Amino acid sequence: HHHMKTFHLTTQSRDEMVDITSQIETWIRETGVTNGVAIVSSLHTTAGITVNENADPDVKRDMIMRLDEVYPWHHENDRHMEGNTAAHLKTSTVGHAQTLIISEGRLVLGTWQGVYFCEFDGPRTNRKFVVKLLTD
């Protein structure tokens, strides 16, 4: 498996930030990797990956709200037939992937940092992200 695993999620609304930290960690533990990096990569162009505050759900609510204002869903100048241009912008804005450091078997994250799958075009039943580990 080359320390690579695909994870599956079902999302429940257009916009959703799903904390995936524990899934990543549990799987690092399973592989036995102690030091290196983890690449966490959405397989989608309308859902991304970010790191942000892990405790107050109002942070992620406010992130979703602000991004909805920065990139409104409807725009008169949009040409992309599918209608989900805003989700493509949001995905490129937070990133499709994040690179995390692994030290002594743990993700190197501050106390309040968690890893989120950022759904911008839900609800969808088939969402996926990949985690790939590289060891020192």
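Just count from 1 along the sequence shown to find any residue number.
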Per the entry, higher mean C-alpha B factor between 113 to 121 and 19 to 27: 19 to 27
Would you mind checking which of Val40, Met81, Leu43, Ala87 has the top Cα temperature factor in the PDB entry? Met81
Grab the CA temperature factor for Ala55 from the record and place it in the lowest, middle or highest third of its chain. highest
Ranking every modelled residue in this chain by its Cα temperature factor as given in the entry, which third contains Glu69? lowest
Ranked C-alpha temperature factor of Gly36 among modelled chain residues, by third: middle
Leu107: CA temperature factor from the record, placed by chain third, in the middle
What third of its chain, lowest, middle or highest, does the C-alpha temperature factor of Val130 fall into? lowest
